[PDB]
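Sequential numbering of the sequence shown, starting at 32, is according to our numbering. Each residue gets a CB set at the ideal place from its N, CA and C atoms; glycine is no exception. See structure below.
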Amino acid sequence: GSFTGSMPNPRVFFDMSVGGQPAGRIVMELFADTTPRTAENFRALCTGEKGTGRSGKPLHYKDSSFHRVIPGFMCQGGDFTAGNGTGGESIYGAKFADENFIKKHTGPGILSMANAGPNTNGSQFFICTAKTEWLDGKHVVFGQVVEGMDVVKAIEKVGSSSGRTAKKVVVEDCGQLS
């Protein structure tokens, strides 16, 4: 009984490297209360608890590259299936209503799922490293950034309005810290 056996505070981190050398570590905190299902979407694909599909479609975010990057605005990631929009498989399958987002981004380093319309899982997501006002609208937050701010800037400085990184960026690995 000393251990409840529950993990209401799950943690996930991604190892990002540039070119052919290590860059740093990024750790993010997921909320298992307001939006717990969203934390599972990353924790499951990252750890890969579901396993690889027998048809041949590994469910891992390892060896993935950011689709496009933009300084000040935000970095847009992509699905490991492709990132061109055609790919992007989710365990939820059918879309479901988005949970209310009572919490908002009070500062930079907040994770939010992109949603073109309401009640959309938002397979694509973006990170806001800076506070913006023109982006004021309907947004959902499912996690926050606790560390990795030193490297996050490294991805934007090499980024450009073109939306392409100057150096190659790929995740050496991904998993759940706890």
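Query                                                                                                                                                        : Result
For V43, which residues of its own chain have a beta-carbon under 7 Å away from its beta-carbon, when the five flanking residues on both sides are left out? : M59, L61, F73, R74, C77, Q207 and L208
With burial defined as no fewer than 16 other Cβ atoms inside 10 Å of the residue's Cβ, what is the status of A128: buried or exposed?                       : exposed
What does the Cβ neighbour count give for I186, buried or exposed, with the cut at 16 atoms within 10 Å?                                                     : buried
Short check: CB of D46 to CB of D204, under 7 Å?                                                                                                             : yes
For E203, which three-state DSSP category applies?                                                                                                           : strand
CB-CB under 6 Å to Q175, same chain, minus the five flanking residues each way: which ones, in chain order?                                                  : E60 and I141
Ignoring anything shorter than 3 residues, give me the beta strand (DSSP E) runs that lie fully in the segment 38-88, in order along the chain.              : 42-49 and 52-61
Per DSSP, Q155 forms a beta bridge with which residues?                                                                                                      : According to DSSP, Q155 bridges with nothing at all.
What is the residue span of the alpha helix (DSSP H) that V100 lies within?                                                                                  : No alpha helix (DSSP H) holds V100; DSSP gives it neither H nor E.
Any idea if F111 is buried or exposed, counting beta-carbon neighbours within 10 angstroms, 16 or more meaning buried?                                       : buried
For the segment 83-93 against the segment 140-159, are there 3 or more C-beta pairs whose distance is under 8 Å?                                             : no
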